[PDB]
Structure formats: C-alpha cells, structure tokens
>>> print(open('work_15.pdb').read())   # PDB, C-alpha atoms
ATOM      1  CA  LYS X 195      12.496  -4.727  49.490
ATOM      2  CA  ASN X 196      13.426  -2.811  46.334
ATOM      3  CA  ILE X 197      10.729  -1.065  44.291
ATOM      4  CA  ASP X 198      10.605   2.073  42.130
ATOM      5  CA  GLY X 199      14.373   2.348  42.441
ATOM      6  CA  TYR X 200      14.039   2.757  46.229
ATOM      7  CA  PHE X 201      15.606   0.273  48.636
ATOM      8  CA  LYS X 202      13.759  -0.092  51.946
ATOM      9  CA  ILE X 203      14.673  -1.881  55.172
ATOM     10  CA  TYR X 204      12.321  -2.882  57.986
ATOM     11  CA  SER X 205      13.481  -4.530  61.188
ATOM     12  CA  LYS X 206      12.959  -5.394  64.841
ATOM     13  CA  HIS X 207      14.758  -7.587  67.361
ATOM     14  CA  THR X 208      13.342  -9.269  70.465
ATOM     15  CA  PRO X 209      14.342 -12.033  72.902
ATOM     16  CA  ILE X 210      13.241 -15.665  72.624
ATOM     17  CA  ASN X 211      13.577 -19.007  74.422
ATOM     18  CA  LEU X 212      13.816 -21.356  71.381
ATOM     19  CA  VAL X 213      16.845 -22.708  69.496
ATOM     20  CA  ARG X 214      16.107 -24.160  66.019
ATOM     21  CA  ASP X 215      12.422 -23.223  65.478
ATOM     22  CA  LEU X 216      11.205 -19.706  64.812
ATOM     23  CA  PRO X 217       9.121 -18.087  67.569
ATOM     24  CA  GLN X 218       5.289 -17.983  67.348
ATOM     25  CA  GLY X 219       3.130 -14.987  68.487
ATOM     26  CA  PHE X 220       3.188 -11.723  66.417
ATOM     27  CA  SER X 221       5.782  -8.919  65.926
ATOM     28  CA  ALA X 222       5.704  -6.082  63.401
ATOM     29  CA  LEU X 223       8.775  -4.617  61.688
ATOM     30  CA  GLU X 224       9.232  -0.847  61.739
ATOM     31  CA  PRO X 225      10.967   0.886  58.811
ATOM     32  CA  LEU X 226      14.650   1.792  59.114
ATOM     33  CA  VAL X 227      15.761   3.549  55.907
ATOM     34  CA  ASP X 228      14.658   4.424  52.368
ATOM     35  CA  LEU X 229      17.465   5.224  49.891
ATOM     36  CA  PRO X 230      17.003   6.145  46.167
ATOM     37  CA  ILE X 231      19.325   3.347  45.109
ATOM     38  CA  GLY X 232      17.946   2.665  41.629
ATOM     39  CA  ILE X 233      20.272  -0.164  40.527
ATOM     40  CA  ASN X 234      18.782  -3.176  38.749
ATOM     41  CA  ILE X 235      19.199  -5.393  41.807
ATOM     42  CA  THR X 236      19.034  -9.116  41.042
ATOM     43  CA  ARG X 237      20.966 -11.068  43.734
ATOM     44  CA  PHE X 238      22.415 -10.794  47.241
ATOM     45  CA  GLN X 239      24.803 -12.388  49.735
ATOM     46  CA  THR X 240      25.468 -12.112  53.475
ATOM     47  CA  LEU X 241      28.582 -11.419  55.559
ATOM     48  CA  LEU X 242      29.900 -12.750  58.860
TER      49      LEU X 242
ATOM     50  CA  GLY Z 485      59.793  18.870  12.835
ATOM     51  CA  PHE Z 486      59.286  21.271   9.963
ATOM     52  CA  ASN Z 487      55.610  22.042   9.241
ATOM     53  CA  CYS Z 488      54.856  20.150  12.460
ATOM     54  CA  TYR Z 489      53.777  21.217  15.931
ATOM     55  CA  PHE Z 490      52.286  19.975  19.189
ATOM     56  CA  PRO Z 491      48.825  21.546  19.834
ATOM     57  CA  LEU Z 492      49.245  21.384  23.683
ATOM     58  CA  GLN Z 493      50.460  24.948  24.744
ATOM     59  CA  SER Z 494      50.137  26.794  28.185
ATOM     60  CA  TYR Z 495      47.862  29.821  28.960
ATOM     61  CA  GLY Z 496      49.426  33.201  28.273
ATOM     62  CA  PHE Z 497      49.357  35.288  31.484
ATOM     63  CA  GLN Z 498      50.364  38.742  32.669
ATOM     64  CA  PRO Z 499      50.002  40.414  36.091
ATOM     65  CA  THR Z 500      46.574  41.863  35.250
ATOM     66  CA  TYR Z 501      44.694  42.725  32.058
ATOM     67  CA  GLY Z 502      41.199  43.551  30.902
ATOM     68  CA  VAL Z 503      38.724  41.609  28.765
ATOM     69  CA  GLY Z 504      40.120  39.017  26.341
ATOM     70  CA  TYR Z 505      43.102  38.058  28.512
ATOM     71  CA  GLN Z 506      41.240  37.904  31.870
ATOM     72  CA  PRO Z 507      40.860  34.275  33.275
ATOM     73  CA  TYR Z 508      37.039  33.905  34.027
ATOM     74  CA  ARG Z 509      35.769  30.604  35.653
ATOM     75  CA  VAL Z 510      32.434  29.071  34.421
ATOM     76  CA  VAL Z 511      30.249  26.307  35.870
ATOM     77  CA  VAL Z 512      27.697  24.336  33.821
ATOM     78  CA  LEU Z 513      24.537  22.662  35.085
ATOM     79  CA  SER Z 514      23.874  18.968  34.533
ATOM     80  CA  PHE Z 515      21.701  17.129  32.013
ATOM     81  CA  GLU Z 516      17.935  16.464  32.031
ATOM     82  CA  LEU Z 517      15.956  15.350  35.070
ATOM     83  CA  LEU Z 518      13.876  12.198  35.795
ATOM     84  CA  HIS Z 519      16.622   9.774  34.727
ATOM     85  CA  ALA Z 520      16.942   8.475  38.322
ATOM     86  CA  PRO Z 521      15.153   8.696  41.703
ATOM     87  CA  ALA Z 522      17.690  11.296  42.965
ATOM     88  CA  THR Z 523      16.630  14.847  43.849
ATOM     89  CA  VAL Z 524      18.516  18.172  43.759
ATOM     90  CA  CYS Z 525      16.520  21.395  44.358
ATOM     91  CA  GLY Z 526      16.362  24.488  46.498
ATOM     92  CA  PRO Z 527      14.897  24.283  50.001
ATOM     93  CA  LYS Z 528      11.131  23.933  50.266
ATOM     94  CA  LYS Z 529      10.875  27.171  52.257
ATOM     95  CA  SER Z 530       8.554  26.745  55.229
ATOM     96  CA  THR Z 531       6.531  29.392  57.041
ATOM     97  CA  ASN Z 532       5.577  29.766  60.664
TER      98      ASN Z 532
END
>>> encode(input="work_15.pdb", output="structure tokens")
Amino acid sequence: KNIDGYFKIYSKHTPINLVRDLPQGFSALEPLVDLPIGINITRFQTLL
Amino acid sequence: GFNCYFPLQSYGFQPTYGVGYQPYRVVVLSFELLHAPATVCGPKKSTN
C-alpha cells in the first residue's frame, strides 16, 4: 500500500496442504516497513 | 587573441596570508521544508 507518500508492507508466511486453491481459516499480516518514498507510483511488476 | 581572454583562471595562493587572500570554506543549508515526506532535524532529546 502507498498513501501520503509512504510505502508500507505487511506480510506473513505459514504452511499449507493445498496446491491450486488458497487456504481457508484466518491469518493477519503484521507490518514490515514504512518508507517515505513519495513517488507518484502507478504500476508494478514482479521478479523471479 | 587581442582584446580577448578566457575567464577561467586559477586561485592565487601563497604560503599563508591574512584576510582577503585566506581560503575560507562555507556550507549552505537547503531549500524550504514540507516538499516531501523526508525528515532532517536534531535529536528529540529524551530524559530519564
């Protein structure tokens, strides 16, 4: 999420037993970082 | 050429001299605040 010029990241990782379908239940995401980025962000792309 | 010159010339130095000749280094602060989410200030001095 990017708001007020600040970029924020929230995340968590846990094990599962499924393959193609997302797991049910509930799991919150704790914050990770908050940087005063400020750029007029409009798009994104991944890496692998 | 005649009546022509290059304005780029090197500093005139001596081993040591008083005011006027003396190389004195100056630093200038930046422009106005609030233009970005960044922050640059002295420490928020805490007490016991």
>>> interface_residues(input="work_15.pdb", of="chain X", to="chain Z", cutoff="8 Å", atoms="all atoms listed in the file", output="ChimeraX atom specification")
/X:199-200,230-232
>>> atom_distance(input="work_15.pdb", atom1="atom CA of residue 198 of chain X", atom2="atom CA of residue 530 of chain Z")
28.0 Å
>>> resolve_selection(input="work_15.pdb", expression="the PyMOL selection byres ((chain X and resi 225) around 10)", output="PyMOL selection string")
chain X and resi 202-206+222-224+226-228
>>> residues_around(input="work_15.pdb", residues="segment 217-221 of chain X", least_positions_apart="3", cutoff="9 Å", atoms="only C-alpha atoms", output="PyMOL selection string")
chain X and resi 206+208+210-212
>>> axis_aligned_box(input="work_15.pdb", around="segment 233-237 of chain X", padding_each_side="6 Å", output="AutoDock Vina command-line options")
--center_x 19.9 --center_y -5.6 --center_z 41.2 --size_x 14.2 --size_y 22.9 --size_z 17.0
>>> atom_distance(input="work_15.pdb", atom1="atom CA of residue 507 of chain Z", atom2="atom CA of residue 488 of chain Z")
28.8 Å
>>> atom_distance(input="work_15.pdb", atom1="atom CA of residue 234 of chain X", atom2="atom CA of residue 514 of chain Z")
23.1 Å
>>> decode(input="work_15.pdb", residues="chain X", atoms="N, CA and C atoms", output="PDB file, in the first residue's frame")
ATOM      1  N   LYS X 195       0.838  -1.187   0.000  1.00  0.00           N
ATOM      2  CA  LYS X 195       0.000   0.000   0.000  1.00  0.00           C
ATOM      3  C   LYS X 195       0.875   1.241   0.000  1.00  0.00           C
ATOM      4  N   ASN X 196       0.445   2.255  -0.748  1.00  0.00           N
ATOM      5  CA  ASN X 196       1.133   3.536  -0.842  1.00  0.00           C
ATOM      6  C   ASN X 196       0.118   4.640  -0.603  1.00  0.00           C
ATOM      7  N   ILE X 197       0.332   5.426   0.451  1.00  0.00           N
ATOM      8  CA  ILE X 197      -0.557   6.528   0.797  1.00  0.00           C
ATOM      9  C   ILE X 197       0.254   7.593   1.514  1.00  0.00           C
ATOM     10  N   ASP X 198      -0.092   8.857   1.246  1.00  0.00           N
ATOM     11  CA  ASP X 198       0.580  10.011   1.849  1.00  0.00           C
ATOM     12  C   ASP X 198       2.081   9.994   1.576  1.00  0.00           C
ATOM     13  N   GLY X 199       2.471   9.486   0.411  1.00  0.00           N
ATOM     14  CA  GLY X 199       3.870   9.396   0.070  1.00  0.00           C
ATOM     15  C   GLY X 199       4.644   8.329   0.814  1.00  0.00           C
ATOM     16  N   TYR X 200       3.982   7.529   1.648  1.00  0.00           N
ATOM     17  CA  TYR X 200       4.607   6.474   2.427  1.00  0.00           C
ATOM     18  C   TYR X 200       4.229   5.125   1.847  1.00  0.00           C
ATOM     19  N   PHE X 201       5.231   4.284   1.634  1.00  0.00           N
ATOM     20  CA  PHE X 201       5.052   2.938   1.118  1.00  0.00           C
ATOM     21  C   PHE X 201       5.126   2.009   2.315  1.00  0.00           C
ATOM     22  N   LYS X 202       4.133   1.136   2.456  1.00  0.00           N
ATOM     23  CA  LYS X 202       4.037   0.210   3.574  1.00  0.00           C
ATOM     24  C   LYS X 202       3.887  -1.215   3.075  1.00  0.00           C
ATOM     25  N   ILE X 203       4.508  -2.137   3.807  1.00  0.00           N
ATOM     26  CA  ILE X 203       4.494  -3.562   3.500  1.00  0.00           C
ATOM     27  C   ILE X 203       4.048  -4.322   4.738  1.00  0.00           C
ATOM     28  N   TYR X 204       3.143  -5.270   4.534  1.00  0.00           N
ATOM     29  CA  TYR X 204       2.619  -6.141   5.573  1.00  0.00           C
ATOM     30  C   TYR X 204       2.778  -7.559   5.059  1.00  0.00           C
ATOM     31  N   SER X 205       3.152  -8.493   5.931  1.00  0.00           N
ATOM     32  CA  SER X 205       3.348  -9.850   5.442  1.00  0.00           C
ATOM     33  C   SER X 205       3.366 -10.873   6.566  1.00  0.00           C
ATOM     34  N   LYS X 206       3.200 -12.123   6.152  1.00  0.00           N
ATOM     35  CA  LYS X 206       3.218 -13.304   6.997  1.00  0.00           C
ATOM     36  C   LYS X 206       3.346 -14.486   6.051  1.00  0.00           C
ATOM     37  N   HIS X 207       3.902 -15.582   6.562  1.00  0.00           N
ATOM     38  CA  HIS X 207       4.033 -16.813   5.807  1.00  0.00           C
ATOM     39  C   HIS X 207       3.739 -17.959   6.760  1.00  0.00           C
ATOM     40  N   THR X 208       3.035 -18.971   6.256  1.00  0.00           N
ATOM     41  CA  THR X 208       2.618 -20.118   7.051  1.00  0.00           C
ATOM     42  C   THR X 208       2.529 -21.341   6.151  1.00  0.00           C
ATOM     43  N   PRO X 209       2.548 -22.550   6.721  1.00  0.00           N
ATOM     44  CA  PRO X 209       2.456 -23.752   5.891  1.00  0.00           C
ATOM     45  C   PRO X 209       1.017 -24.112   5.568  1.00  0.00           C
ATOM     46  N   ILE X 210       0.848 -24.834   4.457  1.00  0.00           N
ATOM     47  CA  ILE X 210      -0.455 -25.285   3.978  1.00  0.00           C
ATOM     48  C   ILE X 210      -0.331 -26.695   3.417  1.00  0.00           C
ATOM     49  N   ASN X 211      -1.491 -27.268   3.078  1.00  0.00           N
ATOM     50  CA  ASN X 211      -1.603 -28.599   2.491  1.00  0.00           C
ATOM     51  C   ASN X 211      -2.322 -28.598   1.142  1.00  0.00           C
ATOM     52  N   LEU X 212      -2.616 -27.428   0.563  1.00  0.00           N
ATOM     53  CA  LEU X 212      -3.305 -27.314  -0.714  1.00  0.00           C
ATOM     54  C   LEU X 212      -2.291 -27.079  -1.826  1.00  0.00           C
ATOM     55  N   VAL X 213      -2.791 -27.029  -3.068  1.00  0.00           N
ATOM     56  CA  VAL X 213      -1.951 -26.844  -4.250  1.00  0.00           C
ATOM     57  C   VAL X 213      -2.345 -25.637  -5.099  1.00  0.00           C
ATOM     58  N   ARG X 214      -3.567 -25.648  -5.650  1.00  0.00           N
ATOM     59  CA  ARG X 214      -4.059 -24.590  -6.535  1.00  0.00           C
ATOM     60  C   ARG X 214      -5.047 -23.628  -5.892  1.00  0.00           C
ATOM     61  N   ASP X 215      -5.683 -23.995  -4.783  1.00  0.00           N
ATOM     62  CA  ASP X 215      -6.678 -23.155  -4.120  1.00  0.00           C
ATOM     63  C   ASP X 215      -6.079 -22.545  -2.863  1.00  0.00           C
ATOM     64  N   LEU X 216      -6.431 -21.289  -2.610  1.00  0.00           N
ATOM     65  CA  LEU X 216      -5.919 -20.583  -1.456  1.00  0.00           C
ATOM     66  C   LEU X 216      -6.453 -21.221  -0.173  1.00  0.00           C
ATOM     67  N   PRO X 217      -5.711 -21.137   0.929  1.00  0.00           N
ATOM     68  CA  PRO X 217      -6.176 -21.769   2.163  1.00  0.00           C
ATOM     69  C   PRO X 217      -7.254 -20.969   2.864  1.00  0.00           C
ATOM     70  N   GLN X 218      -8.190 -21.669   3.518  1.00  0.00           N
ATOM     71  CA  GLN X 218      -9.297 -21.021   4.271  1.00  0.00           C
ATOM     72  C   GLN X 218      -8.787 -20.795   5.697  1.00  0.00           C
ATOM     73  N   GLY X 219      -9.652 -20.467   6.663  1.00  0.00           N
ATOM     74  CA  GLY X 219      -9.211 -20.114   8.028  1.00  0.00           C
ATOM     75  C   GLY X 219      -9.021 -18.613   8.117  1.00  0.00           C
ATOM     76  N   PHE X 220      -8.142 -18.116   8.990  1.00  0.00           N
ATOM     77  CA  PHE X 220      -7.840 -16.665   9.106  1.00  0.00           C
ATOM     78  C   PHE X 220      -6.366 -16.463   9.471  1.00  0.00           C
ATOM     79  N   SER X 221      -5.719 -15.401   8.967  1.00  0.00           N
ATOM     80  CA  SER X 221      -4.315 -15.120   9.249  1.00  0.00           C
ATOM     81  C   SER X 221      -4.038 -13.649   8.983  1.00  0.00           C
ATOM     82  N   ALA X 222      -3.670 -12.913  10.026  1.00  0.00           N
ATOM     83  CA  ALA X 222      -3.378 -11.495   9.896  1.00  0.00           C
ATOM     84  C   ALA X 222      -1.968 -11.282   9.369  1.00  0.00           C
ATOM     85  N   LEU X 223      -1.736 -10.092   8.819  1.00  0.00           N
ATOM     86  CA  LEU X 223      -0.439  -9.693   8.277  1.00  0.00           C
ATOM     87  C   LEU X 223       0.141  -8.563   9.115  1.00  0.00           C
ATOM     88  N   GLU X 224       1.308  -8.812   9.712  1.00  0.00           N
ATOM     89  CA  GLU X 224       1.973  -7.811  10.528  1.00  0.00           C
ATOM     90  C   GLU X 224       2.755  -6.848   9.636  1.00  0.00           C
ATOM     91  N   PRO X 225       2.945  -5.597  10.058  1.00  0.00           N
ATOM     92  CA  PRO X 225       3.712  -4.669   9.227  1.00  0.00           C
ATOM     93  C   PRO X 225       5.173  -5.067   9.197  1.00  0.00           C
ATOM     94  N   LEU X 226       5.857  -4.651   8.128  1.00  0.00           N
ATOM     95  CA  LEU X 226       7.271  -4.935   7.908  1.00  0.00           C
ATOM     96  C   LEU X 226       8.132  -3.692   7.755  1.00  0.00           C
ATOM     97  N   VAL X 227       7.665  -2.672   7.035  1.00  0.00           N
ATOM     98  CA  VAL X 227       8.456  -1.464   6.833  1.00  0.00           C
ATOM     99  C   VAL X 227       7.536  -0.322   6.440  1.00  0.00           C
ATOM    100  N   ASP X 228       8.018   0.906   6.628  1.00  0.00           N
ATOM    101  CA  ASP X 228       7.288   2.115   6.255  1.00  0.00           C
ATOM    102  C   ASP X 228       8.353   3.124   5.840  1.00  0.00           C
ATOM    103  N   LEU X 229       8.487   3.352   4.528  1.00  0.00           N
ATOM    104  CA  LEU X 229       9.495   4.245   3.963  1.00  0.00           C
ATOM    105  C   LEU X 229       8.877   5.504   3.368  1.00  0.00           C
ATOM    106  N   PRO X 230       9.435   6.729   3.606  1.00  0.00           N
ATOM    107  CA  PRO X 230       8.837   7.918   2.962  1.00  0.00           C
ATOM    108  C   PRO X 230       9.264   7.978   1.501  1.00  0.00           C
ATOM    109  N   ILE X 231       8.653   7.115   0.695  1.00  0.00           N
ATOM    110  CA  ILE X 231       9.009   7.026  -0.714  1.00  0.00           C
ATOM    111  C   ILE X 231       8.575   8.274  -1.474  1.00  0.00           C
ATOM    112  N   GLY X 232       7.285   8.585  -1.461  1.00  0.00           N
ATOM    113  CA  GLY X 232       6.790   9.772  -2.133  1.00  0.00           C
ATOM    114  C   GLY X 232       6.594   9.787  -3.639  1.00  0.00           C
ATOM    115  N   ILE X 233       7.132   8.833  -4.407  1.00  0.00           N
ATOM    116  CA  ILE X 233       6.939   8.899  -5.854  1.00  0.00           C
ATOM    117  C   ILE X 233       5.486   8.644  -6.218  1.00  0.00           C
ATOM    118  N   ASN X 234       5.082   9.183  -7.366  1.00  0.00           N
ATOM    119  CA  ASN X 234       3.732   9.004  -7.893  1.00  0.00           C
ATOM    120  C   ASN X 234       3.638   7.609  -8.516  1.00  0.00           C
ATOM    121  N   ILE X 235       3.592   6.608  -7.631  1.00  0.00           N
ATOM    122  CA  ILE X 235       3.516   5.214  -8.053  1.00  0.00           C
ATOM    123  C   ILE X 235       2.233   4.965  -8.824  1.00  0.00           C
ATOM    124  N   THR X 236       2.360   4.254  -9.947  1.00  0.00           N
ATOM    125  CA  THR X 236       1.220   3.917 -10.795  1.00  0.00           C
ATOM    126  C   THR X 236       1.177   2.473 -11.267  1.00  0.00           C
ATOM    127  N   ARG X 237       2.294   1.746 -11.316  1.00  0.00           N
ATOM    128  CA  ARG X 237       2.309   0.374 -11.815  1.00  0.00           C
ATOM    129  C   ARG X 237       3.393  -0.423 -11.100  1.00  0.00           C
ATOM    130  N   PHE X 238       3.395  -1.740 -11.329  1.00  0.00           N
ATOM    131  CA  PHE X 238       4.370  -2.619 -10.690  1.00  0.00           C
ATOM    132  C   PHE X 238       4.565  -3.897 -11.496  1.00  0.00           C
ATOM    133  N   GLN X 239       5.659  -4.600 -11.190  1.00  0.00           N
ATOM    134  CA  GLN X 239       5.984  -5.870 -11.830  1.00  0.00           C
ATOM    135  C   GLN X 239       6.875  -6.688 -10.905  1.00  0.00           C
ATOM    136  N   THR X 240       6.719  -8.009 -10.980  1.00  0.00           N
ATOM    137  CA  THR X 240       7.454  -8.953 -10.147  1.00  0.00           C
ATOM    138  C   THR X 240       8.777  -9.388 -10.774  1.00  0.00           C
ATOM    139  N   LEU X 241       9.517 -10.193 -10.003  1.00  0.00           N
ATOM    140  CA  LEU X 241      10.806 -10.751 -10.394  1.00  0.00           C
ATOM    141  C   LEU X 241      10.925 -12.190  -9.924  1.00  0.00           C
ATOM    142  N   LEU X 242      11.633 -13.002 -10.705  1.00  0.00           N
ATOM    143  CA  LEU X 242      11.854 -14.398 -10.354  1.00  0.00           C
ATOM    144  C   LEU X 242      13.051 -14.910 -11.141  1.00  0.00           C
TER     145      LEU X 242
END
